[PDB]
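Visitor: So I've got this file, structure35.csv, and it contains CSV, C-alpha atoms:
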chain,number,residue,atom,x,y,z
A,1,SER,CA,0.0,0.0,0.0
A,2,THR,CA,0.8,3.7,-0.2
A,3,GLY,CA,-0.5,7.0,0.9
A,4,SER,CA,-0.2,10.6,-0.3
A,5,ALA,CA,-1.5,13.8,1.4
A,6,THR,CA,-1.0,17.5,0.8
A,7,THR,CA,0.5,19.5,3.7
A,8,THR,CA,-0.3,23.2,3.9
A,9,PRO,CA,1.3,26.1,5.8
A,10,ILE,CA,-0.8,27.4,8.7
A,11,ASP,CA,0.1,31.1,7.9
A,12,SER,CA,2.0,33.4,5.7
A,13,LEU,CA,5.3,32.7,7.5
A,14,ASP,CA,5.2,28.9,7.2
A,15,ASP,CA,5.2,28.7,11.0
A,16,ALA,CA,3.9,25.1,10.8
A,17,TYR,CA,2.2,22.8,8.3
A,18,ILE,CA,-1.1,20.9,8.7
A,19,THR,CA,-2.2,17.7,6.9
A,20,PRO,CA,-5.7,16.3,6.9
A,21,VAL,CA,-6.1,13.0,8.7
A,22,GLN,CA,-9.3,10.8,8.8
A,23,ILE,CA,-10.1,9.3,12.3
A,24,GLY,CA,-12.9,7.0,13.1
A,25,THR,CA,-16.0,5.6,11.5
A,26,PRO,CA,-17.6,7.5,9.9
A,27,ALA,CA,-14.5,9.6,9.3
A,28,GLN,CA,-13.7,12.7,11.4
A,29,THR,CA,-11.2,14.8,9.5
A,30,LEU,CA,-8.7,16.7,11.6
A,31,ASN,CA,-5.8,18.8,10.5
A,32,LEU,CA,-2.7,17.6,12.2
A,33,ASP,CA,0.9,18.8,12.5
A,34,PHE,CA,3.1,15.9,11.2
A,35,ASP,CA,6.1,15.9,13.5
A,36,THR,CA,9.3,13.8,12.9
A,37,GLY,CA,10.6,15.0,16.2
A,38,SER,CA,8.0,13.3,18.4
A,39,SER,CA,6.1,10.1,18.6
A,40,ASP,CA,2.5,10.7,19.9
A,41,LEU,CA,-0.6,11.0,17.7
A,42,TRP,CA,-2.8,13.3,19.8
A,43,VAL,CA,-5.9,15.3,19.1
A,44,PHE,CA,-8.2,18.0,20.4
A,45,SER,CA,-11.3,16.1,21.5
A,46,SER,CA,-14.7,16.1,23.1
A,47,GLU,CA,-12.8,15.5,26.4
A,48,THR,CA,-10.6,18.6,26.1
A,49,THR,CA,-11.3,21.2,28.9
A,50,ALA,CA,-13.9,23.5,27.2
A,51,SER,CA,-12.1,26.7,28.0
A,52,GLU,CA,-8.9,25.4,26.3
A,53,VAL,CA,-10.7,24.9,23.0
A,54,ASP,CA,-10.9,27.9,20.7
A,55,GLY,CA,-11.8,27.1,17.1
A,56,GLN,CA,-10.1,23.7,16.7
A,57,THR,CA,-11.9,20.7,15.2
A,58,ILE,CA,-12.4,18.0,17.8
A,59,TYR,CA,-12.4,14.2,17.7
A,60,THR,CA,-15.5,12.8,19.4
A,61,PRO,CA,-14.9,9.1,20.1
A,62,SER,CA,-18.5,8.4,21.1
A,63,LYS,CA,-19.5,9.1,17.5
A,64,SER,CA,-17.0,6.6,16.1
A,65,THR,CA,-18.2,3.0,15.8
A,66,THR,CA,-14.6,1.7,15.7
A,67,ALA,CA,-13.3,3.7,18.7
A,68,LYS,CA,-12.3,1.7,21.8
A,69,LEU,CA,-11.1,3.1,25.1
A,70,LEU,CA,-7.6,1.8,25.8
A,71,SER,CA,-8.3,1.0,29.4
A,72,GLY,CA,-6.0,2.6,32.0
A,73,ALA,CA,-3.8,4.3,29.4
A,74,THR,CA,-2.7,8.0,29.8
A,75,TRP,CA,-0.2,10.3,28.1
A,76,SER,CA,1.6,13.5,28.8
A,77,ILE,CA,4.1,15.4,26.6
A,78,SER,CA,6.1,18.5,26.5
A,79,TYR,CA,7.7,20.1,23.4
A,80,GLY,CA,10.8,22.2,22.9
A,81,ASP,CA,8.9,25.4,22.6
A,82,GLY,CA,7.5,25.2,26.1
A,83,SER,CA,4.1,23.8,25.1
A,84,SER,CA,2.4,20.7,26.5
A,85,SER,CA,-0.7,18.5,26.5
A,86,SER,CA,-2.0,15.3,28.2
A,87,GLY,CA,-5.0,13.0,28.4
A,88,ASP,CA,-6.3,9.5,27.8
A,89,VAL,CA,-6.2,7.0,24.9
A,90,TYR,CA,-8.5,5.3,22.4
A,91,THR,CA,-7.7,3.0,19.5
A,92,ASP,CA,-9.4,3.7,16.2
A,93,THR,CA,-9.0,3.6,12.4
A,94,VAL,CA,-6.7,6.3,11.1
A,95,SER,CA,-6.1,7.1,7.4
A,96,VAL,CA,-3.7,9.5,5.8
A,97,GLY,CA,-3.9,10.2,2.1
A,98,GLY,CA,-5.6,6.9,1.4
A,99,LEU,CA,-3.4,4.7,3.6
A,100,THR,CA,-5.3,3.1,6.5
A,101,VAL,CA,-4.2,1.8,9.9
A,102,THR,CA,-6.6,-0.1,12.1
A,103,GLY,CA,-6.1,-0.1,15.9
A,104,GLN,CA,-4.0,3.1,15.9
A,105,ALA,CA,-3.5,4.7,19.3
A,106,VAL,CA,-5.3,8.1,19.2
A,107,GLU,CA,-4.4,10.1,22.2
A,108,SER,CA,-7.3,12.3,23.3
A,109,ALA,CA,-6.4,15.6,25.0
A,110,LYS,CA,-8.0,16.5,28.4
A,111,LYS,CA,-5.6,19.4,28.8
A,112,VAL,CA,-3.6,21.6,26.4
A,113,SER,CA,-1.3,24.5,27.1
A,114,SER,CA,-2.1,28.1,26.1
A,115,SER,CA,-0.1,28.1,22.8
A,116,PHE,CA,-2.2,25.1,21.6
A,117,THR,CA,-5.5,26.8,22.5
A,118,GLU,CA,-4.3,30.0,20.7
A,119,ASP,CA,-3.3,28.0,17.5
A,120,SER,CA,-6.9,27.5,16.0
A,121,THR,CA,-5.5,25.9,12.8
A,122,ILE,CA,-3.8,22.9,14.5
A,123,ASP,CA,-6.1,20.1,15.7
A,124,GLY,CA,-3.3,17.9,17.1
A,125,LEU,CA,0.0,16.3,16.3
A,126,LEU,CA,1.0,13.1,14.4
A,127,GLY,CA,4.4,11.9,15.6
A,128,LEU,CA,6.8,10.3,13.1
A,129,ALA,CA,9.9,9.9,15.2
A,130,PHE,CA,10.7,6.5,16.7
A,131,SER,CA,8.1,4.7,18.8
A,132,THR,CA,10.6,4.5,21.8
A,133,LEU,CA,9.7,8.2,22.5
A,134,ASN,CA,5.9,7.6,22.7
A,135,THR,CA,4.6,8.8,26.0
A,136,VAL,CA,1.6,6.4,26.6
A,137,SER,CA,1.7,4.7,30.0
A,138,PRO,CA,1.7,2.0,31.2
A,139,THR,CA,1.9,0.4,27.7
A,140,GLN,CA,3.8,2.4,25.2
A,141,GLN,CA,2.2,2.7,21.8
A,142,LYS,CA,3.4,2.7,18.1
A,143,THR,CA,3.4,5.6,15.7
A,144,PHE,CA,1.2,5.6,12.6
A,145,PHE,CA,4.3,4.9,10.4
A,146,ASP,CA,5.4,2.0,12.6
A,147,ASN,CA,1.9,0.5,12.4
A,148,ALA,CA,1.7,1.0,8.6
A,149,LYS,CA,5.3,-0.1,7.8
A,150,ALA,CA,4.7,-3.8,7.1
A,151,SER,CA,1.9,-3.0,4.7
A,152,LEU,CA,3.8,-0.3,2.7
A,153,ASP,CA,5.3,-1.1,-0.7
A,154,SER,CA,8.6,0.2,0.8
A,155,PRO,CA,9.2,1.1,4.5
A,156,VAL,CA,9.7,4.8,3.9
A,157,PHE,CA,7.9,8.1,4.1
A,158,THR,CA,8.9,11.4,2.4
A,159,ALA,CA,8.6,15.1,3.4
A,160,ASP,CA,8.3,17.7,0.6
A,161,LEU,CA,7.5,20.9,2.4
A,162,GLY,CA,6.7,24.0,0.4
A,163,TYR,CA,8.0,27.6,0.8
A,164,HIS,CA,4.9,29.8,1.1
A,165,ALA,CA,3.1,27.0,-0.7
A,166,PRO,CA,1.6,23.5,-0.1
A,167,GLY,CA,3.7,20.4,-0.2
A,168,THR,CA,3.3,16.6,0.2
A,169,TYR,CA,3.9,13.8,2.6
A,170,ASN,CA,4.1,10.4,0.9
A,171,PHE,CA,4.1,7.0,2.6
A,172,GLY,CA,5.5,3.8,1.0
A,173,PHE,CA,7.1,5.2,-2.2
A,174,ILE,CA,9.5,7.7,-3.5
A,175,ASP,CA,8.1,10.1,-6.2
A,176,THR,CA,11.0,10.4,-8.6
A,177,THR,CA,9.4,13.4,-10.3
A,178,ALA,CA,9.5,15.4,-7.0
A,179,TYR,CA,13.2,16.2,-6.9
A,180,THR,CA,16.2,17.1,-9.1
A,181,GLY,CA,19.4,15.2,-9.4
A,182,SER,CA,20.0,12.3,-7.0
A,183,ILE,CA,19.1,11.5,-3.4
A,184,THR,CA,22.1,11.4,-1.1
A,185,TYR,CA,21.6,9.0,1.8
A,186,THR,CA,23.3,9.5,5.2
A,187,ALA,CA,23.5,7.4,8.4
A,188,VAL,CA,21.0,7.7,11.3
A,189,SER,CA,21.3,7.2,15.0
A,190,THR,CA,18.1,6.2,16.8
A,191,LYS,CA,19.7,6.2,20.2
A,192,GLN,CA,17.8,9.3,21.3
A,193,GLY,CA,14.6,8.3,19.5
A,194,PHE,CA,15.1,10.9,16.7
A,195,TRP,CA,16.0,11.0,13.0
A,196,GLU,CA,19.5,12.0,14.1
A,197,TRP,CA,22.2,12.5,11.5
A,198,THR,CA,25.5,14.3,10.9
A,199,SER,CA,25.8,17.1,8.4
A,200,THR,CA,29.2,17.5,6.7
A,201,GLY,CA,29.4,21.3,7.0
A,202,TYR,CA,28.0,24.6,5.8
A,203,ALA,CA,28.5,27.7,3.7
A,204,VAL,CA,27.1,31.3,4.0
A,205,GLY,CA,26.0,32.9,0.8
A,206,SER,CA,28.6,32.6,-1.9
A,207,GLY,CA,31.3,31.9,0.7
A,208,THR,CA,33.6,28.9,0.8
A,209,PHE,CA,32.2,25.6,2.3
A,210,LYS,CA,33.4,24.8,5.8
A,211,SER,CA,33.9,21.1,6.3
A,212,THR,CA,32.8,20.3,9.9
A,213,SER,CA,30.6,17.6,11.4
A,214,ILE,CA,27.2,18.9,12.8
A,215,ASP,CA,25.1,16.3,14.6
A,216,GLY,CA,21.4,17.2,14.5
A,217,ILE,CA,17.8,16.0,14.0
A,218,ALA,CA,15.5,16.2,11.0
A,219,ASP,CA,12.4,17.7,12.7
A,220,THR,CA,9.4,18.7,10.7
A,221,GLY,CA,7.7,19.8,13.9
A,222,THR,CA,10.2,22.6,14.6
A,223,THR,CA,9.9,25.8,12.5
A,224,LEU,CA,13.4,27.1,12.4
A,225,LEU,CA,17.0,25.9,11.9
A,226,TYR,CA,18.9,25.7,15.2
A,227,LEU,CA,22.7,25.3,14.9
A,228,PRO,CA,25.8,25.9,17.0
A,229,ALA,CA,26.5,29.5,18.1
A,230,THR,CA,29.7,29.6,16.0
A,231,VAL,CA,27.8,28.7,12.8
A,232,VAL,CA,24.9,31.1,13.5
A,233,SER,CA,27.3,34.0,14.3
A,234,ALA,CA,29.0,33.4,11.0
A,235,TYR,CA,25.7,33.6,9.1
A,236,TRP,CA,24.4,36.8,10.8
A,237,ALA,CA,27.7,38.6,10.5
A,238,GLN,CA,26.9,38.8,6.8
A,239,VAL,CA,23.8,40.8,7.4
A,240,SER,CA,24.3,44.5,8.1
A,241,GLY,CA,22.6,45.5,11.4
A,242,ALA,CA,21.8,41.9,12.5
A,243,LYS,CA,22.2,41.3,16.2
A,244,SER,CA,21.3,38.8,18.9
A,245,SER,CA,18.5,40.3,21.1
A,246,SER,CA,18.1,38.9,24.6
A,247,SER,CA,14.8,40.7,25.0
A,248,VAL,CA,13.3,39.3,21.8
A,249,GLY,CA,15.0,35.9,22.3
A,250,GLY,CA,17.2,35.4,19.2
A,251,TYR,CA,18.8,37.0,16.2
A,252,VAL,CA,16.9,39.9,14.6
A,253,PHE,CA,17.8,41.9,11.5
A,254,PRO,CA,16.6,45.0,9.6
A,255,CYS,CA,13.5,44.1,7.6
A,256,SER,CA,15.1,46.2,4.8
A,257,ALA,CA,17.9,43.5,4.4
A,258,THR,CA,18.3,41.0,1.6
A,259,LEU,CA,19.4,37.8,3.3
A,260,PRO,CA,22.2,35.5,2.0
A,261,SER,CA,21.6,31.9,1.4
A,262,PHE,CA,22.7,29.1,3.7
A,263,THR,CA,24.1,25.8,2.5
A,264,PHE,CA,24.4,22.6,4.5
A,265,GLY,CA,26.2,19.4,3.6
A,266,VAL,CA,24.8,15.9,3.2
A,267,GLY,CA,27.8,13.7,2.6
A,268,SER,CA,29.4,15.2,-0.6
A,269,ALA,CA,26.1,16.8,-1.6
A,270,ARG,CA,24.8,20.3,-0.8
A,271,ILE,CA,21.4,21.7,0.0
A,272,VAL,CA,21.0,25.4,-0.5
A,273,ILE,CA,18.4,27.4,1.6
A,274,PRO,CA,17.6,30.6,-0.2
A,275,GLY,CA,17.9,33.8,1.9
A,276,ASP,CA,14.2,34.5,1.7
A,277,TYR,CA,13.4,31.3,3.6
A,278,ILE,CA,15.3,32.7,6.6
A,279,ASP,CA,13.0,35.8,6.9
A,280,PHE,CA,10.3,35.4,9.6
A,281,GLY,CA,9.0,38.9,9.4
A,282,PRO,CA,8.5,41.7,11.9
A,283,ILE,CA,9.0,40.8,15.6
A,284,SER,CA,5.7,42.6,16.3
A,285,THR,CA,3.1,44.1,14.0
A,286,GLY,CA,4.5,47.2,12.3
A,287,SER,CA,8.1,46.8,13.5
A,288,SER,CA,11.1,47.2,11.1
A,289,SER,CA,13.0,44.6,13.1
A,290,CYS,CA,12.6,41.1,11.6
A,291,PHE,CA,13.1,37.7,13.3
A,292,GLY,CA,15.7,35.4,11.9
A,293,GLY,CA,15.1,31.8,10.7
A,294,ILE,CA,18.5,30.6,11.8
A,295,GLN,CA,19.1,30.6,15.5
A,296,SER,CA,21.5,29.3,18.1
A,297,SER,CA,21.0,25.8,19.6
A,298,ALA,CA,23.0,26.7,22.6
A,299,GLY,CA,20.9,25.7,25.6
A,300,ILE,CA,18.7,23.3,23.6
A,301,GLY,CA,21.2,20.6,23.9
A,302,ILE,CA,20.7,19.4,20.3
A,303,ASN,CA,20.9,20.9,16.8
A,304,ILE,CA,17.6,20.9,14.9
A,305,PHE,CA,17.2,20.8,11.1
A,306,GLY,CA,13.7,22.2,11.3
A,307,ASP,CA,11.3,23.4,8.5
A,308,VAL,CA,13.6,26.2,7.4
A,309,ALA,CA,16.1,23.6,6.3
A,310,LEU,CA,13.9,20.7,5.3
A,311,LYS,CA,11.6,22.8,3.0
A,312,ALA,CA,14.7,23.4,0.8
A,313,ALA,CA,14.9,19.6,0.1
A,314,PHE,CA,13.0,16.5,-0.7
A,315,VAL,CA,13.6,14.3,2.4
A,316,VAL,CA,13.4,10.5,2.6
A,317,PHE,CA,12.8,9.0,6.1
A,318,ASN,CA,13.9,5.4,5.4
A,319,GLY,CA,12.5,3.1,8.1
A,320,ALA,CA,14.3,-0.1,7.0
A,321,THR,CA,15.8,-2.3,9.6
A,322,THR,CA,18.8,0.1,9.7
A,323,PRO,CA,17.2,3.5,9.2
A,324,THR,CA,18.7,6.2,7.0
A,325,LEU,CA,17.9,9.7,5.8
A,326,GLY,CA,18.0,10.9,2.2
A,327,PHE,CA,18.2,14.5,0.9
A,328,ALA,CA,17.7,15.8,-2.6
A,329,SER,CA,17.5,19.2,-4.1
A,330,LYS,CA,14.2,20.2,-5.8
Could I get this file's structure written as structure tokens?
Guide:
Amino acid sequence: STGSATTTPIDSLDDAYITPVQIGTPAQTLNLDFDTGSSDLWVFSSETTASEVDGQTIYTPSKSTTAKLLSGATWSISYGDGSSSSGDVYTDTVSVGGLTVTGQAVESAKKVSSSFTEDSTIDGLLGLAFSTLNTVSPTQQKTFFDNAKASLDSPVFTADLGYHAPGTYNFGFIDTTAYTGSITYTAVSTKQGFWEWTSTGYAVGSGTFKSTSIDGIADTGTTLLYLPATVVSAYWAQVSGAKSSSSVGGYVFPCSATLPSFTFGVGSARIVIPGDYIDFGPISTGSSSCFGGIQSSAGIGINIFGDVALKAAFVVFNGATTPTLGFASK
């Protein structure tokens, strides 16, 4: 089997991407944030504290003839941006882009933190990291990809995120018309539960390429590109007026600037992030100070190849017995 679904930016800045998911019988369609950095499939629901719901579409398990309470199971998760959610668990039928899993753990939120309530366009998350990170207790549950894997034509999924435009998540096949050149594959460590790999270096604009190992994660659930302070300083030094602002919480730059590109290495291959991808607009409405899309990972404890990086590529998440990651230009 295979699946194919369009993923759409939630706003004009590509702050996140949502993908329609069918849950239950008859289908309840919710728009979920596909997240290769976490491993829980959770949804706003009829159980969510009423005051914490503001415009999201909810899953109501009592209206699904295939829903079953997973007795005694609870979940609770925190994300790197300070947000969190928790609740109980059902199993139900879940379909993405025509690919169906029966008995998928659907984690129903009883509580969500303020930034979820405030994000009316996101109805929940669909985790695509390794199932070892799944938070369900006392019986850990499998991701949608893990449950689907055996049935897929090939044990892979691909992320093709658009810049200011829709893109595609495919399951079970590689669309050879969706990228240019060849796909370069690179080793993955699953020791931390992530799609963790090592970039071979970087360049800033038309500058020379610096060969240096940068360990990090391919994370569709993180908006920006978080790299070591040395790398980030080298980038922003090429933008007149750019500075790290403690009060804002990162590098800002004059909105009048034209940003240089940023290149990262995948083995001997190179992925170029155009400068425009790195502009996240005014820090507040009407400001001429703009927020940068490349930020320091110091204090995160890991480097994160988030959407800013991944949307410059066609990315293969290869879930064979020994997982690997593939990157192509597009």
Visitor: Quick one: residues within 10 Å of residue 248 of chain A, all atoms listed in the file counted, chain neighbours fewer than 4 positions away excluded, as a ChimeraX atom specification?
Guide: /A:244,252,283-284,291
Visitor: Measure the distance from atom CA of residue 215 of chain A to atom CA of residue 305 of chain A in Å and round it to one decimal.
Guide: 9.7 Å
Visitor: Can you work out which one of A:201, A:221, A:61, A:37 has the shortest atom-to-atom distance to residue 266 of chain A, counting only C-alpha atoms?
Guide: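 Using only C-alpha atoms, residue 266 of chain A sits closest to A:201.
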Visitor: For each of A:330, A:164, A:149, A:142, take the minimum atom-to-atom distance to residue 104 of chain A, counting only C-alpha atoms, then give the residue where this is smallest.
Guide: A:142
Visitor: What's the 10 Å shell around segment 96-100 of chain A, counting all atoms listed in the file, without same-chain residues fewer than 5 positions away, as a PyMOL selection string?
Guide: chain A and resi 1-6+19-23+29+144+147-148+151-152+168-172
Visitor: One decimal, in Å: what's the spacing between atom CA of residue 44 of chain A and atom CA of residue 77 of chain A?
Guide: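 Separation between atom CA of residue 44 of chain A and atom CA of residue 77 of chain A: 14.0 Å.
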Visitor: With all atoms listed in the file as the basis for distance, which of A:235, A:42, A:145, A:157 is at the shortest distance from residue 110 of chain A?
Guide: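 Smallest distance to residue 110 of chain A is found for A:42.
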Visitor: Between atom CA of residue 138 of chain A and atom CA of residue 155 of chain A, what is the spacing in Å?
Guide: 27.7 Å
Visitor: When you count only C-alpha atoms, which of these residues is closest to residue 272 of chain A: A:57, A:132, A:205, A:16?
Guide: A:205
Visitor: Would you list the contacts of residue 254 of chain A as a list in words, taking every protein, DNA or RNA residue within 8 Å and counting all atoms listed in the file, but skipping same-chain residues closer than 2 positions in sequence?
Guide: residues 240, 241, 242, 252, 256, 257, 288, 289 and 290 of chain A
Visitor: Using all atoms listed in the file, pick whichever of A:109, A:217, A:13, A:125 has the shortest atom-to-atom distance to residue 162 of chain A.
Guide: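 Using all atoms listed in the file, residue 162 of chain A sits closest to A:13.
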Visitor: Each residue of segment 91-192 of chain A with at least one atom at most 9 Å from segment 267-270 of chain A should appear once, together with its nearest atom pair and the corresponding distance in Å (one decimal); atoms considered: only C-alpha atoms; ordering: chain, then increasing residue number; output as a Markdown table.
Guide:
| residue | atom | partner | partner_atom | distance |
| --- | --- | --- | --- | --- |
| A:183 | CA | A:269 | CA | 9.0 |
| A:184 | CA | A:269 | CA | 6.7 |
| A:185 | CA | A:267 | CA | 7.8 |
| A:186 | CA | A:267 | CA | 6.7 |
Visitor: Tell me, as a list in words, which residues lie within 10 Å of residue 58 of chain A, counting all atoms listed in the file; anything in the same chain fewer than 4 positions away does not count.
Guide: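 Listing them by chain and then by number gives residues 28, 29, 30, 31, 43, 44, 45, 46, 47, 48, 53, 108, 109, 123 and 124 of chain A.
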Visitor: Store the residues of this selection in a file with C-alpha atoms, as an mmCIF file, in the coordinates of the input.
Guide:
data_model
loop_
_atom_site.group_PDB
_atom_site.id
_atom_site.type_symbol
_atom_site.label_atom_id
_atom_site.label_comp_id
_atom_site.auth_asym_id
_atom_site.auth_seq_id
_atom_site.Cartn_x
_atom_site.Cartn_y
_atom_site.Cartn_z
ATOM 1 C CA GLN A 28 -13.700 12.700 11.400
ATOM 2 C CA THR A 29 -11.200 14.800 9.500
ATOM 3 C CA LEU A 30 -8.700 16.700 11.600
ATOM 4 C CA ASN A 31 -5.800 18.800 10.500
ATOM 5 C CA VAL A 43 -5.900 15.300 19.100
ATOM 6 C CA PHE A 44 -8.200 18.000 20.400
ATOM 7 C CA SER A 45 -11.300 16.100 21.500
ATOM 8 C CA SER A 46 -14.700 16.100 23.100
ATOM 9 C CA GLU A 47 -12.800 15.500 26.400
ATOM 10 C CA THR A 48 -10.600 18.600 26.100
ATOM 11 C CA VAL A 53 -10.700 24.900 23.000
ATOM 12 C CA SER A 108 -7.300 12.300 23.300
ATOM 13 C CA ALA A 109 -6.400 15.600 25.000
ATOM 14 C CA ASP A 123 -6.100 20.100 15.700
ATOM 15 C CA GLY A 124 -3.300 17.900 17.100
#
Visitor: Looking at A:67, A:316, A:214, A:41, which one is nearest to residue 128 of chain A, with distances taken over only C-alpha atoms?
Guide: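 Of all the options, A:41 lies closest to residue 128 of chain A.
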Visitor: For a cut-off of 9 Å around (-13.8, -2.4, 13.2), file coordinates, pick out all residues using only C-alpha atoms and list them as a VMD selection string.
Guide: chain A and resid 25 65 to 67 92 to 93 102 to 103
Visitor: Taking the partial coordinates given, rebuild segment 183-201 of chain A to contain N, CA and C atoms; return it as a PDB file, keeping the file's coordinate frame.
Guide:
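Saved result, rebuild.pdb, follows:
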ATOM      1  N   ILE A 183      19.274  11.455  -4.882  1.00  0.00           N
ATOM      2  CA  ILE A 183      19.100  11.500  -3.400  1.00  0.00           C
ATOM      3  C   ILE A 183      20.365  11.006  -2.774  1.00  0.00           C
ATOM      4  N   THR A 184      20.906  11.800  -1.857  1.00  0.00           N
ATOM      5  CA  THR A 184      22.100  11.400  -1.100  1.00  0.00           C
ATOM      6  C   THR A 184      21.627  10.882   0.274  1.00  0.00           C
ATOM      7  N   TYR A 185      21.957   9.631   0.559  1.00  0.00           N
ATOM      8  CA  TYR A 185      21.600   9.000   1.800  1.00  0.00           C
ATOM      9  C   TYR A 185      22.738   9.125   2.847  1.00  0.00           C
ATOM     10  N   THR A 186      22.353   9.240   4.110  1.00  0.00           N
ATOM     11  CA  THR A 186      23.300   9.500   5.200  1.00  0.00           C
ATOM     12  C   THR A 186      22.822   8.669   6.452  1.00  0.00           C
ATOM     13  N   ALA A 187      23.772   8.284   7.298  1.00  0.00           N
ATOM     14  CA  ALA A 187      23.500   7.400   8.400  1.00  0.00           C
ATOM     15  C   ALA A 187      22.626   8.083   9.500  1.00  0.00           C
ATOM     16  N   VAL A 188      21.824   7.276  10.181  1.00  0.00           N
ATOM     17  CA  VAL A 188      21.000   7.700  11.300  1.00  0.00           C
ATOM     18  C   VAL A 188      21.311   7.023  12.559  1.00  0.00           C
ATOM     19  N   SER A 189      21.332   7.769  13.658  1.00  0.00           N
ATOM     20  CA  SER A 189      21.300   7.200  15.000  1.00  0.00           C
ATOM     21  C   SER A 189      19.940   7.267  15.598  1.00  0.00           C
ATOM     22  N   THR A 190      19.424   6.157  16.107  1.00  0.00           N
ATOM     23  CA  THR A 190      18.100   6.200  16.800  1.00  0.00           C
ATOM     24  C   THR A 190      18.258   6.158  18.303  1.00  0.00           C
ATOM     25  N   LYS A 191      19.471   6.363  18.810  1.00  0.00           N
ATOM     26  CA  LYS A 191      19.700   6.200  20.200  1.00  0.00           C
ATOM     27  C   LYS A 191      18.949   7.229  21.104  1.00  0.00           C
ATOM     28  N   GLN A 192      18.585   8.377  20.549  1.00  0.00           N
ATOM     29  CA  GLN A 192      17.800   9.300  21.300  1.00  0.00           C
ATOM     30  C   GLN A 192      16.308   9.341  20.825  1.00  0.00           C
ATOM     31  N   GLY A 193      15.946   8.401  19.956  1.00  0.00           N
ATOM     32  CA  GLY A 193      14.600   8.300  19.500  1.00  0.00           C
ATOM     33  C   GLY A 193      14.277   9.232  18.272  1.00  0.00           C
ATOM     34  N   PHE A 194      15.269   9.981  17.800  1.00  0.00           N
ATOM     35  CA  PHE A 194      15.100  10.900  16.700  1.00  0.00           C
ATOM     36  C   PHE A 194      15.678  10.455  15.397  1.00  0.00           C
ATOM     37  N   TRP A 195      15.335  11.153  14.313  1.00  0.00           N
ATOM     38  CA  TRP A 195      16.000  11.000  13.000  1.00  0.00           C
ATOM     39  C   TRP A 195      17.290  11.819  13.078  1.00  0.00           C
ATOM     40  N   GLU A 196      18.279  11.299  13.796  1.00  0.00           N
ATOM     41  CA  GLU A 196      19.500  12.000  14.100  1.00  0.00           C
ATOM     42  C   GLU A 196      20.614  11.641  13.132  1.00  0.00           C
ATOM     43  N   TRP A 197      21.270  12.651  12.577  1.00  0.00           N
ATOM     44  CA  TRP A 197      22.200  12.500  11.500  1.00  0.00           C
ATOM     45  C   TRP A 197      23.360  13.490  11.668  1.00  0.00           C
ATOM     46  N   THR A 198      24.382  13.415  10.822  1.00  0.00           N
ATOM     47  CA  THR A 198      25.500  14.300  10.900  1.00  0.00           C
ATOM     48  C   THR A 198      25.750  15.030   9.581  1.00  0.00           C
ATOM     49  N   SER A 199      25.489  16.329   9.552  1.00  0.00           N
ATOM     50  CA  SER A 199      25.800  17.100   8.400  1.00  0.00           C
ATOM     51  C   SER A 199      27.289  17.286   8.223  1.00  0.00           C
ATOM     52  N   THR A 200      27.747  17.414   6.983  1.00  0.00           N
ATOM     53  CA  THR A 200      29.200  17.500   6.700  1.00  0.00           C
ATOM     54  C   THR A 200      29.735  18.919   6.650  1.00  0.00           C
ATOM     55  N   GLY A 201      28.882  19.922   6.869  1.00  0.00           N
ATOM     56  CA  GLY A 201      29.400  21.300   7.000  1.00  0.00           C
ATOM     57  C   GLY A 201      28.399  22.327   6.431  1.00  0.00           C
TER      58      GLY A 201
END
